[PDB]
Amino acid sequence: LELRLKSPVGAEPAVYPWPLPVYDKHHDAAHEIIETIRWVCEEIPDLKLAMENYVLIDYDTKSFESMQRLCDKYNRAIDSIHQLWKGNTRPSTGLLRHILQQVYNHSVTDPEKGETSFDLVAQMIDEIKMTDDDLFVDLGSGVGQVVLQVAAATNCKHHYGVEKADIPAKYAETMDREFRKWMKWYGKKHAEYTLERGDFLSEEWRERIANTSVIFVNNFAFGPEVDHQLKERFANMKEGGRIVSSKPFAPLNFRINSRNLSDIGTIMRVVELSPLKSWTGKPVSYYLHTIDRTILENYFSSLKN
C-alpha cells in the first residue's frame, strides 16, 4: 500500500506510503505529489504532451485508486518520454521553492519541537551577487533552509550553516540528506554546502568568520552579549566583506568622532535595503554591512591635517 513517482532523470523513484502523511493544516503529501507532477510537466514540455489532460483535473486525494491512477498516468508518460529520448541545471525559483518545502515536510516530522522568507532570501541573493570567489555562511542556520536556497541559486565556492541548538541541528542533518536526494530526483544542480552543529562564537569560528566574504545572519532575537561578541568577530573580516542581517549592527547614519572610535561603525558602511524599493509581500527590510576601514583611516588622516 504505497504510491510511486518515477524520476524525470532516471533516479530512484519517490515512494510514499498509504495513508499519505499530513504535514500540517496547510501541507499534505497528496498535494505535494500533484504539485511535483505539475513542476516536472513544466520542466519537460514533451511530458505535458504525453500526459492526458483530465488526469491533473479529475483527482480525489482521499481515494487510493484515484491517487494511484494519477501516479500511473504520470509514470507512463515518463516512460514514453524516456523511450522518445532513447531514439543538470540550477532549478527555477518556483521549482526551488517547491523543492525546499518538500525537503522541509519530509525532514521536520514534528514541527512543534518558506513563503515570505523564501521571496526575501531570493531578493537578498539578487542584491548581493556572489561569485565563485565568495564563501557564504548563514550564522545560526536553524534547519538550514537559507543555506540550501543560497547553494541552489549561487556559485559560491562553498556555503556553510552553523547551528548551536540541538533540535534544529539534528533536523538539519535530515534536511541535508533529503535536499541532495530530491535535487538528484529532479536532476537539478546546486553548489557545495555543509550544515554543521557548532557555536559561531568559538575560537574555531573566529578565524572562519575572518575568512568569510559573505555572512547572512538573522540576529533579530540575539542577546546583547551575542551581538557584542559578533561585532568583535566581524572586526577581523577582510575589506569588502559583507554582512546581511535582520537588524543593523551599527547606525545607518554613524558619524565617526573622538568619542566613538571603538564602535563597529568605524569600520563598516551600513545600508537598509527593502524589496518595496513588483513586491507584494510583508514590508520587510534587511541590512547590508560592508567592511571598509577607510572610514577609520580618513578620520585619522583628517586629525593629522
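So that the term is clear: the rigid core is the largest set of C-alpha atoms that superpose within 1.5 Å between two forms. Position 1 is the first residue in the sequence shown; the rest follow in order.
Visitor: After superposing on the rigid core, which of 151-159 and 114-122 has its C-alpha atoms sitting farther from this form in 8 other deposited structures of this protein?
Guide: After superposing on the rigid core, the more displaced stretch in 8 other deposited structures of this protein is 114-122.
Visitor: Any chance you could tell me whether 166-174 or 220-228 drifts more in 8 other deposited structures of this protein, judged by RMS CA distance from this form after superposing on the core?
Guide: With the rigid core fitted, 220-228 is the stretch that strays more in 8 other deposited structures of this protein.
Visitor: Taking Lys277 and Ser278 as adjacent modelled residues, how many residues of the deposited sequence between them have no coordinates (none, 1 to 3, 4 to 9, 10 or more)?
Guide: In the record, 1 to 3 residues between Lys277 and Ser278 lack coordinates.
Visitor: Would you mind checking whether any residues of the deposited sequence sit unmodelled between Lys113 and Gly114, and how many (none, 1 to 3, 4 to 9, 10 or more)?
Guide: Missing in between: 10 or more residues.
Visitor: Averaging the C-alpha B factors as listed in the entry, name the stretch that ends up higher: 242-250 or 64-72.
Guide: Looking at the recorded C-alpha B-factors, 64-72 comes out higher on average.
Visitor: Look over 259-267 and 22-30 in the entry and identify the one with the greater average Cα temperature factor.
Guide: 22-30 has the higher mean C-alpha B-factor.
Visitor: Which one of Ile291, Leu296, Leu288, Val15 shows the biggest C-alpha B-factor in the PDB entry?
Guide: Across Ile291, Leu296, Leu288, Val15, the entry lists the biggest C-alpha B-factor for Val15.
Visitor: Tell me which of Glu225, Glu178, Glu163, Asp133 tops the list for C-alpha B factor in the record.
Guide: Top of the list by C-alpha B-factor: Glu225.
Visitor: Of the three thirds of its chain by CA temperature factor, lowest, middle or highest, which one includes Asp79?
Guide: Tercile = highest for this residue's CA B-factor.
Visitor: Sort the modelled residues of this chain by their C-alpha B factor and say whether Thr36 lands in the lowest, middle or highest third.
Guide: Its C-alpha B-factor belongs to the middle third of this chain's values.
Visitor: Going by what the PDB entry lists, where does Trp85 fall on CA B-factor within its chain: lowest, middle or highest third?
Guide: Highest third.
Visitor: Place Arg233 in the lowest, middle or highest third of its chain's C-alpha B-factors, as listed in the PDB entry.
Guide: According to the entry, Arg233 has a C-alpha B-factor in the chain's lowest third.
Visitor: Which third, lowest, middle or highest, does the CA B-factor of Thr109 fall in along this chain?
Guide: Highest third of the chain for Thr109's C-alpha B-factor.
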